[PDB]
Asker: 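Below you will find the structure I want to go over with you.
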Amino acid sequence: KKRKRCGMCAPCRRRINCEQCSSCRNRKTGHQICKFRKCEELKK
DNA sequence: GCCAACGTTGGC
DNA sequence: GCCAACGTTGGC
Ligand SMILES: [Zn+2]
Ligand SMILES: [Zn+2]
């Protein structure tokens, strides 16, 4: 089962998208979360 | 059925 | 080894 965001790290507390990062810019094709919101624990 | 975004992988 | 496209799926 796919892992879940931790809710606690600084990225998880962010509430809105930066709209300036690659992930935000390519969302339609890339399907990724804003780079500034990606959970610290889901990178490792 | 929609939607946000994780897992896999493939291009670099 | 990074990172983004694609496929997918959990929650609604
Ligand atoms: Zn962003
Ligand atoms: Zn987190």
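A, B, ... follow the sequence lines: proteins, then strands. Residue 1 opens every chain.
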Asker: Separation of A:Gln32 atom CD from C:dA5 atom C1', in whole Å?
Answerer: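 So the CD-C1' distance, A:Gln32 to C:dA5, works out to 9 Å.
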Asker: What integer distance in Å separates A:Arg3:CZ from C:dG10:P?
Answerer: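 Value for this atom pair: 15 Å.
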Asker: Rounding to a whole Å, what distance do you find between A:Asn26:CG and C:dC2:P?
Answerer: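 Between P of C:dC2 and CG of A:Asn26: 20 Å.
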Asker: Please state whether the phosphate of B:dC6, meaning OP1 or OP2, lies under 4.0 angstrom from any side-chain nitrogen or oxygen of A:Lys38.
Answerer: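 Indeed, a polar side-chain atom of A:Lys38 lies that close.
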Asker: Identify the heavy atoms of A:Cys24 and A:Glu19 that sit nearest to each other, and give their distance.
Answerer: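 Heavy-atom minimum between the residues: SG-N, 3.2 Å.
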Asker: Could you check whether any side-chain N or O of A:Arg27 sits under 3.5 Å from a backbone N or O of A:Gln32, counting only pairs where one atom can act as donor and the other as acceptor?
Answerer: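 Pair absent, no side-chain N/O of A:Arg27 close to backbone of A:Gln32.
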Asker: Send over the distance from A:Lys43 NZ to B:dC6 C1', rounded to a whole Å.
Answerer: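 These atoms are roughly 13 Å apart.
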Asker: From NE2 of A:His31 over to P of C:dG7, roughly how many Å is that when rounded to an integer?
Answerer: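 Rounded to the whole Å, the gap is 9 Å.
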Asker: Rounding to an integer number of Å, can you tell me how far A:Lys2 NZ sits from C:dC6 P?
Answerer: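 To the nearest whole Å, that distance equals 18 Å.
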Asker: Has the side chain of A:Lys38 got a donor or acceptor atom that lies under 3.5 Å from a matching backbone atom of A:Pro11?
Answerer: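 Such a contact is absent between A:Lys38 side chain and A:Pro11 backbone.
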Asker: Is the shortest side-chain N to carboxylate O distance from A:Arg5 to A:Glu40 below 4.0 Å?
Answerer: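 Not counted as a salt bridge, because no side-chain N and carboxylate O are separated by less than 4.0 Å.
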Asker: Nearest whole angstrom, please: distance from the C1' of C:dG10 to the CZ of A:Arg5.
Answerer: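 Rounded to whole Å, this separation is 14 Å.
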Asker: Expressed as a whole number of angstroms, how long is the span from A:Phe36:CZ to B:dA5:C1'?
Answerer: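 Interatomic distance, CZ of A:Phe36 to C1' of B:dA5: 18 Å.
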